[PDB]
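Q: Chains as they are written, first to last, in PDB author numbering: chain B, 2 to 136; chain A, 2 to 91. By construction, the Cβ of each residue, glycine as well, lies at the ideal position given by its N, Cα and C atoms.
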Ligand code: HEM
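Take a look at the structure:
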């Protein structure tokens, strides 16, 4: 992530992530549909009885990206750390973690046709793919 | 011969599409060939649905600009898919 890449993320998320917190259940669904594979196991959110958890969850994703994006300079391992938490403690496979980010970016492209620009998507995709561990 | 406006528009999306494609770090995919296709097609659907509001002119030329774009987006995506395809065996 170059000094310029970081400036683009803040801009990108600034103008497009304001309502990201409202797209939990939808990004999850896009994943289940576009990527059926992730649907065979999924013992998360107790979907059988709800939408409350994936909904609340969708809020955490937005809040986390907001905090993570606001701190790309000082806390470069925010996403990395978050991803490890899921992979190692929450039983969430790094690919589902990566796919939900994709389906979240897709949702936003749906709900914001003139804000979600190609450059806005590349600037966010680059940040989201920076989930390795930085040093 | 489609329009000096949409002519460049289509060129922009292909440049933007390349920086997107070119910044991809394969060691960080863990996605199957099958899903990588899905991802890329979503990225292309994305660009099309985007420039669908950017194309200018009359319906005839409208659908014409988009159709050329998608034709080109594929031309860039194909080498991408192939290289990534050759990331399995290796
Ligand atoms: C787009 C990427 C994602 C981001 C940014 C994200 C972010 C978060 C955050 C910030 C939390 C709260 C962590 C804490 O307790 O401190 C959380 C919890 C959780 N996440 Fe994710 N997550 C993502 C994808 C996923 C996926 C794909 C799944 C799989 C279904 C998942 C399942 C869970 C579960 C089960 C919890 C515990 C939820 C709870 O009870 O609050 N996450 N996530």
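#1: Quick one, which of 50(A), 15(A) and 22(A) has its alpha-carbon nearest residue 38(A)'s?
#2: Note down the Cα distance separating residue 101(B) from residue 31(B), rounded to an integer number of angstroms.
#3: Work out the CA separation of residue 70(A) and residue 47(B) for me, nearest whole Å.
#4: Can you list, in chain order, the residues of its chain with a C-beta nearer than 6 Å to that of residue 41(A)? Leave out the 5 residues immediately preceding and following it.
#5: Can you tell me which of 8(A), 34(A), 30(A) and 44(A) puts its alpha carbon nearest to the alpha carbon of residue 118(B)?
#6: How about residue 13(B) and residue 105(B): do their beta carbons lie closer than 8 Å?
#7: Kindly examine the ligand HEM and report whether one of its heavy atoms sits closer than 7 Å to the Cβ of residue 62(B).
#8: According to the neighbour-count rule (16 or more other Cβ atoms, all chains shown, within 10 Å of its Cβ), is residue 63(B) buried or exposed?
#9: Which complete beta strand (DSSP E) runs does the segment 39 to 82 of chain B hold, if anything under 3 residues is left out?
A: Reading it off the structure:
#1: In the second chain, the residue the question calls residue 38(A) occupies position 37. Nearest of 50(A), 15(A) and 22(A) to residue 38(A), Cα basis: 22(A).
#2: Position 100 of the first chain, counted from the first residue, corresponds to residue 101(B). Position 30 of the first chain, counted from the first residue, corresponds to residue 31(B). Going from the Cα of residue 101(B) to the Cα of residue 31(B) covers about 8 Å.
#3: Position 46 of the first chain, counted from the start, is the residue given in the question as residue 47(B). Position 69 of the second chain, counted from the start, is the residue given in the question as residue 70(A). One C-alpha to the other measures close to 42 Å.
#4: Stepping through the second chain from its first residue, residue 41(A) is reached at position 40. If we look at residue 41(A) and ignore the five residues flanking it on each side, its Cβ neighbours are 78.
#5: Numbered from 1 along the first chain, position 117 holds the residue referred to as residue 118(B). Selected option, being the one with the closest Cα: 44(A).
#6: Translated into positions along the first chain, residue 13(B) becomes position 12. Translated into positions along the first chain, residue 105(B) becomes position 104. Against a cut-off of 8 Å, the Cβ pair of residue 105(B) and residue 13(B) comes out as no contact.
#7: Position 61 of the first chain, counted from the first residue, corresponds to residue 62(B). True, at least one ligand heavy atom lies under 7 Å from that Cβ.
#8: Against the first chain, residue 63(B) aligns to sequence position 62. Answer is buried; the Cβ neighbour count reaches 16.
#9: none
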